Amino acid sequence: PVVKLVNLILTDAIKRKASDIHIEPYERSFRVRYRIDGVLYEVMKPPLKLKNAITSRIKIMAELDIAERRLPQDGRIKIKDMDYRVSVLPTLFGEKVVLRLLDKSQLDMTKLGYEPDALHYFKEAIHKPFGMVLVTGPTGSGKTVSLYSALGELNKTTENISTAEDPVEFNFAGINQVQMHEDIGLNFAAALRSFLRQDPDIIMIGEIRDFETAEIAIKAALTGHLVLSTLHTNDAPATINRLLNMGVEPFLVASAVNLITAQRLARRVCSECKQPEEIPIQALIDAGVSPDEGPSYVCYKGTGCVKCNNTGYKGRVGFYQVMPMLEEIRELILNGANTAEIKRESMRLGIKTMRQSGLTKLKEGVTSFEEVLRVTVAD
Amino acid sequence: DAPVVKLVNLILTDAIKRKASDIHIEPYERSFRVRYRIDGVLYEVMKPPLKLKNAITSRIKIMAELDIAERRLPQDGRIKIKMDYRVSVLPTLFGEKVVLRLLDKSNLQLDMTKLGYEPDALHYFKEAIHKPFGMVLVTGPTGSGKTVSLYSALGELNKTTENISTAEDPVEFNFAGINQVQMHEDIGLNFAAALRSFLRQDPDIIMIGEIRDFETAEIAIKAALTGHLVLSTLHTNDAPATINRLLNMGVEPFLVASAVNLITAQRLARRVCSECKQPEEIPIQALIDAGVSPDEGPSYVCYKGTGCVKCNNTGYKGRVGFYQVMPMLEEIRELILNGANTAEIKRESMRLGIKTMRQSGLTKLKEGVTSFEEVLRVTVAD
Amino acid sequence: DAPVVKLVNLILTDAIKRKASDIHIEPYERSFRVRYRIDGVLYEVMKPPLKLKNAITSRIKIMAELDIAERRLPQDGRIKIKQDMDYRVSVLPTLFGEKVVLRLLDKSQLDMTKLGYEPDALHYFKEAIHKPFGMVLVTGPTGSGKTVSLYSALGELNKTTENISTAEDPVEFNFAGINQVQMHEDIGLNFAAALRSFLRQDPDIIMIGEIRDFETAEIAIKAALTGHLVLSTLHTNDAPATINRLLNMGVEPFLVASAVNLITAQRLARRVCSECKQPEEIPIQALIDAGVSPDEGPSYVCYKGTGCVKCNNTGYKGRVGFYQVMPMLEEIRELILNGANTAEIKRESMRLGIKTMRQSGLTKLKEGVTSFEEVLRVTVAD
Ligand SMILES: Nc1ncnc2c1ncn2[C@@H]1O[C@H](COP(=O)(O)OP(=O)(O)NP(=O)(O)O)[C@@H](O)[C@H]1O
Ligand SMILES: Nc1ncnc2c1ncn2[C@@H]1O[C@H](COP(=O)(O)OP(=O)(O)NP(=O)(O)O)[C@@H](O)[C@H]1O
Ligand SMILES: Nc1ncnc2c1ncn2[C@@H]1O[C@H](COP(=O)(O)OP(=O)(O)O)[C@@H](O)[C@H]1O
Ligand SMILES: [Mg+2]
Ligand SMILES: [Zn+2]
Ligand SMILES: [Zn+2]
Ligand SMILES: [Zn+2]
């Protein structure tokens, strides 16, 4: 009965073109709201007796902790396919649940916004016969799209590609995709060991979270396989310190990793209402613009039009830090250099930081100065 | 049983008739007293028998559904009497001290036009909260009416088309349609954790109780840049100094100029009792020193209450707000981006007609609603 | 009636007569002695026969309700003697017997004028604690007078119009009107939990016994900026070093610059006995090396006590405080935000006239309150 009601809330939202579902308890009421074309509408008022059953069911569908009701929790629901991003939030009179429709509908690497130098290092690293490629960033930074874009360039009938994902974001023909199931025993570590017995060529791990997974992944890269994975780290230099703090010996990181990227997703200025805004040149220089390049900058910002919902932005751009494991960086790891020394050395060799990549796209007029300062830290 | 039940109920009802905000039930080694906070000042209203020390505090526990067996640890609950009270139990060395916070929605005034804003200031505040995105900061110390200003703004925005989420420490009043979160930092639910959760909750309007550090300030500023309306508070000396506070926290100057729509500063002064109101012979030179023009000085008629039954013999009844409403004008924005300090931002705001809190206090002094000592206590000279 | 019973009573009462703070009963291989700590310095007061060491120790443990059967482990307890004197008893198992330490706990000044503050330092301290918000930090090593200074500040602020709440470990003196909470960590009542409960108790003034970790420091400094007056202590060695200690713990710089009203550093130095005192011929050059200006050098008259029965033949009777009272002046705030080190902060405070502890000691030397040897013993050179 309650399962039927929850399924109706989900199936009614896809029929009514809703992008978000809001299940909200209050002291004297309990309502469900759909966001349709940016506007919330009350679409249902279930009785107050059912609010515990409806919330628990959704938390079970999202594999969340039903015993904990005081802390925020975030999960995911897949229905057939429609995928929901679940967010639980402890209010005064119960838990509020928000489900956000994920619109899956460009896997092409040449259209992701990599600068030519960055795209060169990235393509060079994934076409090596073995080694590790790490794509880092926070949630919603485009990591998975970058990984799948790399798998597209590599997917040939001549190579065996196997992935361990939690969950499988997209179904790829020719790619052997395994979905994780921890309660049964199918985690990243178990899949990696089986992959080594599967005559593999390219291995993709959804994320390196623990030393047990890093150990097998590093070993697989040194054995002669190409290993791609992700981590949640601040930048590419800090990714090295993360692996070391997990217990991986420094010489194994120096020799196994081909390449580490760090990326953030910024908004692209609306091409219809963009126009220059007056920014003192000293502000640009304080943000990392060299004094010589300063005067040549034209910082664009959308004023807000109908083609962008009066936001001034339409679309997104990528700010990439593509750091190859250059020999200078390898020696620094072997000498136990800290994150600061590794970042400075990478900048000396021409590896642009995410801040510098953002200033480049600001120079090209495709993003605003506030976006650069919002998603990147200073160097 | 009944003598204590009657006494405890009398403690709760006399607080309502005196219009007190809080009740303090405090045991000591050789005494026992009850204090009401009336218009921000505590007063001794009762010295009950010390034999009833444990009986009185235990009765309120039962009303608050708290643990009578535990008397060594702090406890917190709520009471509804057929008027709501928030209860806080503190274990001192001579018994449990109980504090009760009166929460009457009926007494709360939420219409923005009845909060005491001057019409030009009210226009800029309303314009700021009805913009689709940006940040609005209401500054002042705790107990300066900031939450009422925020609740008034949220009530003006509480439509079924928007999702409003608040993070409060604690939640003073609850409103239908508004998703409110009470902070519980002992278990990890601080302002930052609730802010990052709000960003995954598909928000439209976000209210934060106070911005206390760089981490929360960064999430708040950047949420105001990504299409959300952000309402929050800080404790600063005035509206112009709120700019320097954010910069010192670590926020980039360009993001402050881009994200903030408006900053207000406010203080709560006590309102002179209308019945015992009498003219006070404040020397003209004292008024000129406070900021009154010398040509206006002799015309000023300062008032103060002599004390009567209607005002609990305090001379005051109610509160008035001294407001400074500073919109993020383009002139002020250009000052921020050129590294201007607090003094030159304050001069620029006064140049453009933005009244300071001292000027707002002196206006209320001229109208006879507040006293000369209240103006000097809560405001500084310009 | 028994010999040892009378002897133990003599040791306990003689300490009260001599104004001792601590009693040390120490057995060694070939000797046995009793030492009193008088004005912070230990003196041998008795040499009882070593044969009696087990009877004296056993007798004290009976009065302290300690276990006489156990002689290999440390034990702790209390003793109350009848007008009452309390003793905190600590037993320690040395190689040649059990050592016993007794700590006298006597309430028997409250007045700030009798503690040793110079008029300028007193003015800065009084205006800082009378502000409606901010943090006041009293720093110094153990036994430097921090609790007395805070109790003295609370006494000047103890009004019926304000709510004062303290978290102490332990509570050392009971004040009517002040809500004092004693820490009990084993049940979860620590400084952090008590401070969080105070914030739900409608506070005005909060006193935290000591800041011993970053978690408590952040809560306390943020509560002060929210709009409360907060008093606490740290174990640092001067006022400028307290600034960097807070920063090194992880407190954000804007919090230190904007939320701290004032920081004090202090040491206790012994006073020359008024009965004993005689002038001491200190070479004028030696005074100059200690930090006295050349103009003032020849005018100094330094005194030293020869020793009399009234001062226990030490030349010193009582103690006085050397205070460095540093208000958070605007010049100092700019240094916190610009990353200055302790030496820069110290040089700048001296430039603005903030007297160091050494200079305060030299002031007491000129006035004949303390001796030249005491200034060099308890203060470092600048
Ligand atoms: N280069 C890009 N430019 C613009 N948008 C992008 C880009 N790459 C990905 N996106 C968008 O990012 C969204 C999904 O981001 P995603 O790659 O899932 O983040 P993520 O890093 O995988 N988060 P998580 O899986 O929780 O670690 C998609 O809807 C894409 O439209
Ligand atoms: N200004 C003063 N002049 C003379 N004597 C003082 C002064 N201040 C305190 N004392 C005495 O010296 C002793 C100092 O103890 P107290 O003030 O508790 O030190 P404290 O800093 O609290 N030590 P601790 O709590 O262990 O860090 C007390 O017994 C006071 O009676
Ligand atoms: N403009 C006003 N006029 C009269 N009373 C007010 C006004 N603003 C606030 N108050 C009262 O003062 C009390 C304290 O205000 P509140 O906003 O809760 O404190 P803070 O400013 O610390 O958030 C409230 O309970 C409210 O009833
Ligand atoms: Mg102490
Ligand atoms: Zn547009
Ligand atoms: Zn009256
Ligand atoms: Zn003497």
Side-chain angles (χ1 to χ4, degrees), chain A residues 74 76 85 100-103 105 108-109 112-114 135-149 165-167 169 206-207 230-232 263-268 315-320, chain B residues 200, chain C residues 19-22 37 39-40 103-105 111-113 115-117 138-152 168-170 172-173 209-210 212 233-235 266-278 305-309 311-316 318-323 364 369-370:
Chain A
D74 295 275
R76 185 164 175 159
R85 185 162 299 265
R100 323 212 303 284
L101 269 311
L102 309 189
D103 192 345
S105 62
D108 185 16
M109 202 177 315
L112 295 183
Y114 285 98
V135 184
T136 68
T139 308
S141 56
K143 295 180 308 194
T144 313
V145 165
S146 284
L147 268 199
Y148 274 97
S149 164
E165 315 183 40
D166 179 21
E169 296 283 278
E207 177 183 28
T230 65
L231 290 86
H232 189 335
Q263 67 186 75
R264 302 293 186 280
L265 278 184
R267 295 172 298 173
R268 176 187 310 264
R316 310 208 79 171
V317 299
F319 293 169
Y320 298 104
Chain B
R200 305 184 293 264
Chain C
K19 317 280 184 114
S21 58
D22 304 75
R37 191 180 293 276
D39 302 328
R103 174 56 150 280
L104 280 71
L105 320 174
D111 169 25
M112 306 200 41
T113 72
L115 296 177
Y117 294 91
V138 176
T139 73
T142 180
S144 65
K146 298 184 300 300
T147 296
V148 169
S149 291
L150 287 175
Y151 277 171
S152 195
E168 302 183 49
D169 178 26
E172 286 149 274
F173 184 62
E210 46 183 279
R212 46 181 70 163
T233 65
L234 279 89
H235 287 118
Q266 68 190 74
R267 304 288 190 278
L268 291 189
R270 305 175 293 177
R271 310 161 166 268
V272 175
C273 171
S274 81
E275 321 298 20
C276 273
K277 65 193 302 179
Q278 296 290 352
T306 64
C308 74
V309 163
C311 67
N312 305 275
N313 199 33
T314 68
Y316 299 99
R319 287 183 288 179
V320 70
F322 295 165
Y323 298 97
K364 291 295 186 286
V369 178
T370 188

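Start at 1 and go down the list; that is how both ligands and their atoms are numbered. The sequence lines fix the lettering, A, B, ..., with proteins before strands; numbering per chain opens at 1. Below, all heavy atoms of this structure are taken into account, side chains as well, without hydrogens, waters or symmetry copies.
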Going by the order shown, which atoms of ligand 1 are within less than 4.0 Å of some heavy atom of [X]?
X	value
A/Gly142	8 (N), 9 (C), 15 (O), 16 (P), 17 (O), 19 (O), 21 (O)
A/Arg316	3 (N), 4 (C), 5 (N)
A/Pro138	21 (O)
A/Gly140	19 (O), 20 (P), 21 (O), 23 (N)

Within 4.0 Å of some non-hydrogen atom of C/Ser144, the atoms of ligand 2 are 19 (O), 21 (O)
Near C/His235, which atoms of ligand 2 are under 4.0 Å from a heavy atom of that residue?
27 (O)
Give yes or no for whether the N/O distance cutoff of 3.5 Å, strictly under, is met between A/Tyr320 and ligand 1.
yes
Is there a polar contact, in the sense of an N or O pair closer than 3.5 Å, between A/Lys143 and ligand 1?
yes
For [Y], is there any backbone N or O sitting under 3.5 Å from a side-chain donor or acceptor partner on [X]?
X	Y	value
A/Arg100	B/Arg200	yes
C/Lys364	C/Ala269	no
C/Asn312	C/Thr314	no
C/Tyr316	C/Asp39	no
A/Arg316	A/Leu265	yes

Hey, what's the angle at the Zn ion (ligand 7) spanning SG (C/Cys308) and SG (C/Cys273), nearest 10 degrees?
110°
So the angle subtended at the Zn ion (ligand 7) by C/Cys276 atom SG and C/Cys311 atom SG, rounded to 10 degrees, is 100°
Using a strict cut-off of less than 4.0 Å between a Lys/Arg side-chain nitrogen and an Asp/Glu carboxylate oxygen, indicate whether A/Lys143 and A/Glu169 qualify as a salt bridge.
no
Under 3.5 Å: N/O of C/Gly116 near N/O of ligand 2
no
Distance-minimising heavy-atom pair for [X] and [Y]:
X	Y	result
A/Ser146	A/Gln263	OG-OE1, 3.0 Å
C/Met112	C/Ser152	CG-OG, 3.1 Å
A/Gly137	A/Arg264	CA-NH1, 3.9 Å

Return yes when C/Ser21 approaches ligand 2 closer than 4.0 angstrom through a heavy atom, no otherwise.
no
Per-residue contact class, A/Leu265 against ligand 1 - non-hydrogen pairs under 4.0 Å:
side chain
Judged by heavy atoms only, the candidate from C/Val320, C/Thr147, C/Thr142 nearest atom 26 (O) of ligand 2 is C/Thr142
